[PDB]
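Asks: One structure is given below, represented as structure tokens, and several questions about it will come after.
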Amino acid sequence: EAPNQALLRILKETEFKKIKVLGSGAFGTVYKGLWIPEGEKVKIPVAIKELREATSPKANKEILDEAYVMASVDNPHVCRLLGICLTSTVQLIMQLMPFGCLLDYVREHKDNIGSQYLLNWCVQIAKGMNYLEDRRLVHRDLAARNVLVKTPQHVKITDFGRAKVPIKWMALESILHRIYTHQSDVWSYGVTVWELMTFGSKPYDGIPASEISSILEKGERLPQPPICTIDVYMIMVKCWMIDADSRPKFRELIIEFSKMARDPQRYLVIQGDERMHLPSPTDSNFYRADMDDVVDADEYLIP
Ligand SMILES: Cc1nc2cnc(Nc3ccnc(OCC(C)(C)S(C)(=O)=O)n3)cc2n1C(C)C
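Structure, rendered in structure tokens:
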């Protein structure tokens, strides 16, 4: 009912340069880039999305619905659209998340991921999701692959191509009745937590997608990760109840994981936890790994 007064920024092709390919899939190609506005003495590191095949009117429509959703959000734990460039194909300008997706991040850096990071990431994902809930936006595709890493200490939720099939992250009402709610996103959040807690394991590995519905109906759920106390596992289990209303709310998940983040070694048991470290601005050459006048999108022309 409330008018959507979000601003759609049209950016000139000449103002940004593609540096390298970051990812390539069904979505098309994502490039690492630099955005150098008009004459503002700033360089903004950006991620540029462009579709791999054709210049079809159907492709342009799909990318513009994604732009509408990404331009309508504003939260530290959600990815916002910076702007669009109206080339023949039309491309999305987004914030560069230098450390990639959280799924690949936990797989590649498992030996240095301590309980503090895991629990803080759970808080951040719940904050983003609670924001999406307050904006009445149902994600429908929450997974560790869709959580991006700005810094190891700061993650954001992305992928709004489904926001208003990934069966192994879907709630029961979603598979059987196509019912999607903020409570069906809670189930997905449970699987995302499981992914993190197992340092990037594949949920129901080897089991075909058509067998998931039957498995869930029998009462089978993902197993207790070896680092998880019954406290952390019980939360995951509550996200996977049949009754959507019995599942935790995102605001409760923020509270529960925050309490745990205060004494993380009491809730996750990780061998050599205290001797583990990940990059932070404290690191020599943290930003180093044209570097003059560069500023992050979060500090530039704030909405
Ligand atoms: C490997 C990698 N490095 C990245 C650095 N920065 C971003 N920036 C952003 C910001 C918001 N949204 C996204 O992309 C999410 C996708 C892939 C779902 S998209 C481009 O289709 O919207 N990337 C994305 C990056 N990736 C992708 C392709 C997962």
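Residues in the sequence shown are numbered consecutively from 1, following this note's numbering. Idealized CB from N, CA, C, for every residue including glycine.
#1: Roughly how far, in whole angstroms, is the beta-carbon of residue 360 from the beta-carbon of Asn146, given that I think they are within contact range, below 8 Å?
#2: Between the segment 60 to 68 and the segment 103 to 122, do at least 3 Cβ pairs fall closer than 8 Å?
#3: Give me whichever residues DSSP pairs with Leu148 in a beta bridge.
#4: Go ahead and label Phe286 buried or exposed: buried means 16 or more other beta carbons lie within 10 angstroms of its beta carbon, across all protein chains shown.
#5: According to DSSP, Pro45 sits in a beta bridge with which residue or residues?
#6: Considering only heavy atoms of ligand 1 and the C-beta of each residue, which residues fall inside 6 Å, strictly closer?
#7: From this set, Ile179, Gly114, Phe199 and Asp141, which residue's C-alpha is nearest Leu278's C-alpha?
#8: Should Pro57 be labelled buried (16 or more other beta-carbon atoms within 10 Å of its own) or exposed?
#9: Quick test of the definition: if touching needs 3 or more C-beta pairs under 8 Å, does the segment 241 to 254 touch the segment 103 to 113?
#10: What alpha helix (DSSP H) runs, 4 residues minimum, are completely inside the segment 223 to 289?
#11: In its own chain, which residues sit with a C-beta less than 6 Å from the C-beta of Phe16, not counting the 5 before and 5 after it?
#12: For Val186, which of helix, strand or coil comes out of DSSP?
#13: Per DSSP, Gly200 is paired with what?
#14: Name the two residues that bound the continuous alpha helix (DSSP H) containing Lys218.
#15: Might you give, ordered along the chain, the residues of its own chain that have their beta carbon closer than 6 Å to the beta carbon of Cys85, omitting 5 neighbours on each side?
#16: Measure the Cβ-Cβ separation of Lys238 and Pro226 and say whether it is below 7 Å.
#17: Going by beta carbon distance, what residues of the same chain come within less than 7 Å of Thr198, once the five residues before and after it are set aside?
#18: Can you tell me which of the three DSSP states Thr192 falls into?
#19: In the DSSP assignment, find the beta strand (DSSP E) that holds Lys20 and state where it starts and stops.
#20: According to the Cβ coordinates, are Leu222 and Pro203 closer than 7 Å?
#21: What are the boundary residues of the beta strand (DSSP E) that includes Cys85?
#22: State the start and end residues of the unbroken beta strand (DSSP E) segment that holds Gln95.
#23: The alpha helix (DSSP H) with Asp65 in it runs from where to where?
#24: For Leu8, report the span of its alpha helix (DSSP H) as first-last.
#25: Looking at the secondary structure, which residues open and close the alpha helix (DSSP H) in which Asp141 lies?
#26: Taking three-plus beta-carbon pairs below 8 Å as touching, is the segment 92 to 101 in contact with the segment 176 to 187?
#27: Which of the three DSSP states, helix, strand or coil, is assigned to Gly128?
#28: Looking only at its chain, what residues have a beta carbon closer than 6 Å to the beta carbon of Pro303, apart from the 5 residues adjacent to it on each side?
#29: So, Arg136 versus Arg162, is the Cβ gap smaller than 7 Å?
#30: Considering only the alpha carbon of each residue, which of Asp298, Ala171 and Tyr131 lies closest to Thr151?
#31: Could you name the residues that DSSP lists as bridge partners for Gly28?
#32: Taking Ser184 as the reference, give the member of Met170, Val155 and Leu301 with the closest Cα.
Replies: By the coordinates alone:
#1: Examination of residue 360 is not possible in this model, given that the chain is present from 1 through 303 alone.
#2: no
#3: Listed as beta-bridge partners of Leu148 by DSSP are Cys101 and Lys156.
#4: exposed
#5: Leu34
#6: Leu22, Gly23, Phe27, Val30, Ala47, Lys49, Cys79, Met94, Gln95, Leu96, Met97, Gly100, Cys101, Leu148, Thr158 and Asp159
#7: When the alpha-carbon of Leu278 is set against those of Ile179, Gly114, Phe199 and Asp141, the nearest one is in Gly114.
#8: With fewer than 16 other Cβ atoms within 10 Å, it is exposed.
#9: no
#10: If we require 4 residues or more, the alpha helix (DSSP H) runs fully inside the segment 223 to 289 come out as 230 to 239 and 250 to 261.
#11: Excluding positions up to five away in sequence, the list reads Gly33 and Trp35.
#12: helix
#13: Paired residues: none, contrary to the question.
#14: Unbroken alpha helix (DSSP H) run through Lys218: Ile212 to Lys218.
#15: Contacts found: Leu11, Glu13 and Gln91.
#16: no
#17: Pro225
#18: helix
#19: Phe16 to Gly25
#20: Yes, these two residues count as a Cβ contact at 7 Å.
#21: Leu81 to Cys85
#22: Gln91 to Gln95
#23: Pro57 to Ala71
#24: Unbroken run through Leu8: none, as it is neither H nor E.
#25: From DSSP, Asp141 is part of no alpha helix (DSSP H); its letter is neither H nor E.
#26: no
#27: helix
#28: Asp74
#29: no
#30: When each option's Cα is compared against that of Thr151, the closest is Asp298.
#31: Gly25
#32: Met170
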